[PDB]
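Structure 1 and structure 2 below are the same protein chain in two forms, each given by itself as structure tokens.
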Structure 1
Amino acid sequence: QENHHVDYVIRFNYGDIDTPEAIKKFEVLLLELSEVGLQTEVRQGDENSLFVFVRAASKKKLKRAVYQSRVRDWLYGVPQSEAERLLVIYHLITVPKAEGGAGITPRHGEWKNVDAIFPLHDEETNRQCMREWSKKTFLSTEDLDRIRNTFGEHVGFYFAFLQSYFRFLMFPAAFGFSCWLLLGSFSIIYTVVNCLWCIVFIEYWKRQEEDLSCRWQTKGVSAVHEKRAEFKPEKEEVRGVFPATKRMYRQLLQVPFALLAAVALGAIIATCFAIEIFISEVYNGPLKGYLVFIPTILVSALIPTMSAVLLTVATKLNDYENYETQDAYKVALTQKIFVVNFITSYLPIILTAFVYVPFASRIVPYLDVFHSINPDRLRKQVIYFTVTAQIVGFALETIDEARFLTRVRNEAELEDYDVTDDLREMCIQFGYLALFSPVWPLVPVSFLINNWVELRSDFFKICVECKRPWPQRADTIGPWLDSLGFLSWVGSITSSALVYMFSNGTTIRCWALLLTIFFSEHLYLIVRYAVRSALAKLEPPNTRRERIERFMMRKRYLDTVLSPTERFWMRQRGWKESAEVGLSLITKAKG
């Protein structure tokens, strides 16, 4: 065994505080970790901090911790290889000591000296599993089980989702390559099939999630976990509270932030249009096409940086709103990231599809300061916003114990893994497919090539580039599925407006634009209901097995358990007297 039976290693800083407080905090830390059933070995690894090591002290204490974790589990209503054995020890460290034990928050409150705690990689399993499916291009269910046993299943749902999305992506890739050689752009045949794919993928992954969360034993996780909330009073079985009206008021800061960000990006896009008209009039290039579209390509390449800036602003605003639980914090964060994603990514194309193309005759005289807008302008917007941001990234890509501790010190300085920074890009790609893929039908091919190139890069990052996350116990990919549903809904309006407005070359005839919007959205809702109710009747195998197991358990437990006025109830004291009375009555009445 490479790791010397180490489960978790707990980093403990001392450089902030002075000397004689650090020994008191260290003594109460080790006293908590030994009061709960954990063994501890401290040896320093950093110049500024020494980290302790934590394993299960004995088999009886480990079985007690496993039984307590299972009791909290099946009271809330929700060992194995490594996920269960590391999850019960992370609960043993972190769970707030009214239950479970030892109540260690990572760095926030009363525990500001201890830094992040983290398990250790198993480099044999990681290297063999990384080089095993370097030539597979499609993982299997046993393979997702091998990524579930390590890393937990919060990683398992993310990897299963990315593999299922990559498998469903090659139907619009083949279709939008077939509908590009044959029948051009802005086509009803491609638009109806694209909206059907956007419905079917979400309504199929919503079923695959239930199947996968019945296969793995994490069926329903609504066990909410507290976080570093800053309570002002102490209401009273005591708990710190925070009123729902001050959070309501603080949540109204999202409206001026989103309005000002939309106004600023509209100013940037209008500046780019003005510079484009300037280089269109003033001759500046022998090729003249790529040089007249220089600022669009520059801002399309620069959009990830301003998106990351707005992500840090939204993260600080989300920390200001002071959520009590972690589920509501993640929901609010995903909503703010969705708003920033919309404003940054789809507004430079909505702003030129519905404002600048049709109103070119009234905005070109307003933007031609210091003295021909086709739908090809919109098609080149979609090209430069779904191609160049990845072309630029690829072009920047091409250009004794002394051996164990020196890799523990190397793992302790790595960064921390997240799912959201790699799943936001999935949400952006699905928005580009849902909203205005009928403009240029090679958007699914341009996304399939990028996903096929960066297929194993996320697994490489989760193995060797960042430290191992503690095995979480997720049930869904999160609120991103609700974001995908909303994004498909907006796409069924946007794509059907664009197809009416730009196919076959005049007068827009609004009495027909709004009728197309109305009928296409209310056809989307009906088709989504039909696909959802059809897929709810086809049952995947890993939930049928659990339903059959639960029915057999119920049937066995039920087969175990089963194996004055009174002058009325004395005439027929049994069965045979009632039978002969009925015999006499039928013979008398039928005779």
Structure 2
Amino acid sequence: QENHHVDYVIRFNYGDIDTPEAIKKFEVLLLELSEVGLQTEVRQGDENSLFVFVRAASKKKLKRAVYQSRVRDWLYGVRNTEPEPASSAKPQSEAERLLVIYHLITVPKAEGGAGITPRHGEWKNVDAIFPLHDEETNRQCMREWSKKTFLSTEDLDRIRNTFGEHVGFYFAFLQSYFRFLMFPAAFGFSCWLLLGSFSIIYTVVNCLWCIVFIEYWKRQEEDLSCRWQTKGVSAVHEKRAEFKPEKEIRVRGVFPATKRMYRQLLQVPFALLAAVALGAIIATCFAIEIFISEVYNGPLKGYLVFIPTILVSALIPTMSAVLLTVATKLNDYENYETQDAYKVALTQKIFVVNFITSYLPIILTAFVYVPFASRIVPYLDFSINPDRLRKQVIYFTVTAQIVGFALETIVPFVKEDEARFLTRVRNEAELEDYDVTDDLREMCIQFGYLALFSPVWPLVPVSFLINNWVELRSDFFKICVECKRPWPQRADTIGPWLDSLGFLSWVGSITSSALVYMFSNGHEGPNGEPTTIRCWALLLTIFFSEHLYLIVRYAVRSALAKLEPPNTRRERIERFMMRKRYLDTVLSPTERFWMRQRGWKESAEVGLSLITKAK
């Protein structure tokens, strides 16, 4: 078997604990797991850690726990089909058994399982709860679709039966994104060949392609959550231990939704602190690099040009670690009963930083360096470089996808009987804690380049087509080789990223039509002076293109709503048929006016006597 029927490993730390308090908490850790029906085996983890191997103590106690989990989904409307009895309740997959065991270890004792919250409040010494990789399943899948162009629907199901729906939704989204990139890649190679850059025809097909892909994925997510049975999964979301209720009414532990809305008002100050903090470092290091590159005409230019590129690589990550610390403090200040609401809210605070770090460099070039900078450089102490804007779009969409592939997958990888097994469990325990949000962020940031700036150099979607094929293979390699196996968390969507994709598509119709206008003479546009830009005509072309985007997006969203995908229709029918079974099994004076014409024949003849008489 090579995994020894081990479900999870719980790593217990004692490096910061004295022996009387260490073994005091190790006892409760073991009897909490024993009480909820799990079997344990203790071994040496590290020089300072002692991890515990956990397994379902019996097929009867696991079938009952699997049954109780399906009953909880059905009661809350996630499943919609009756859960078949506990006598035949085998896990549908490995991801279902691993999710049922994970909930026994972590949900609080009033909810059914041991309340082992790793490292929060009483299990601070508990550092990790991780499952073990199925190495041969991981290696057969890796070689099997390094020879294909697309992963089958069954290949995508194999990813969720191993890693769960949250990881499976990312790969389903990335595959659908890659399949849609074939159109602008083929169209973007035509327009780059026949036409040039800043083409009117390219910019319209590109904005129309971004509308169709986002609307197609919003509908494909609903179909996919109905197929995987995670459709309303937010109703059974796991509470987070750090929550602080105000009252406690049954018991639930309520915190008012309006009180949290006042604290959420602080995100407006935070979003402006980040744009003043990051924007000042990006704009200042851009103005420097314009000076020593096009203004400073002295010696030392060979080895003085790397200053700005270096000074931003040591200042943007430093400031982003500061803003991520402020965002986490503000996220904690809001209370967030659930772990998903906490994670969704934190990802949304960080998107403000990602939008500025990722796109502000190109926005300064296209909209403050090209139109201006014959006005600026007299104060910066002109003949702007007409290829600065194109060489920067190439760097972010080609050299950043190639360089980023190296730091993402290669550098992390380069940095008696039970002795071989225990040796590799100690190796798995020192790998990384995979986060599918990091992958989703990188794909949605990449979508923003296509949406915002692809008219500059329409070969961008060819770079993304080639990159995204490799990305799907190397992201799967990264999960199987360089990260601990993620516990099979569920999801019905890629989350807050679907609204960022639509925000970037909207913003892209404004910046794309501003670029098609101010470069309609060439790629040099207004060579540094803003005189030849009719500000009214720049604004008219943005007003019409933005409202043509909004109108076409409403038409495309309303068409697709009329086309119910099949898995979504089957859950609507199945909710009807469930209620039919419940209904079949259980539930099984004036009157003188009406005494006139007794039957329907007398009415019939009273009508004949009047119909004929009236003619």
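If you superpose the two forms and keep the largest set of C-alpha atoms that fall within 1.5 Å, you have the rigid core. Counting starts at 1 and follows the sequence of structure 1.
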| property | result |
| --- | --- |
| Out of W216, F385, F459, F157, the residue that alone shifts its CA by 2 Å or more between the two structures when the rigid core is the reference | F385 |
| Per-residue C-alpha change between the two structures, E32, threshold 2 Å, rigid core fit | no |
| Did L265 shift 2 Å or more between the two structures, C-alpha, core superposed | yes |
| Did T305 shift 2 Å or more between the two structures, C-alpha, core superposed | yes |
| Once the two forms are fitted on their core, CA shift of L347 between the two structures in Å | 1.3 |
| Between the two structures, C-alpha offset at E230 (rigid core aligned, Å) | 5.9 |
| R70 CA shift between the two structures in angstrom, with the core used for superposition | 2.6 |
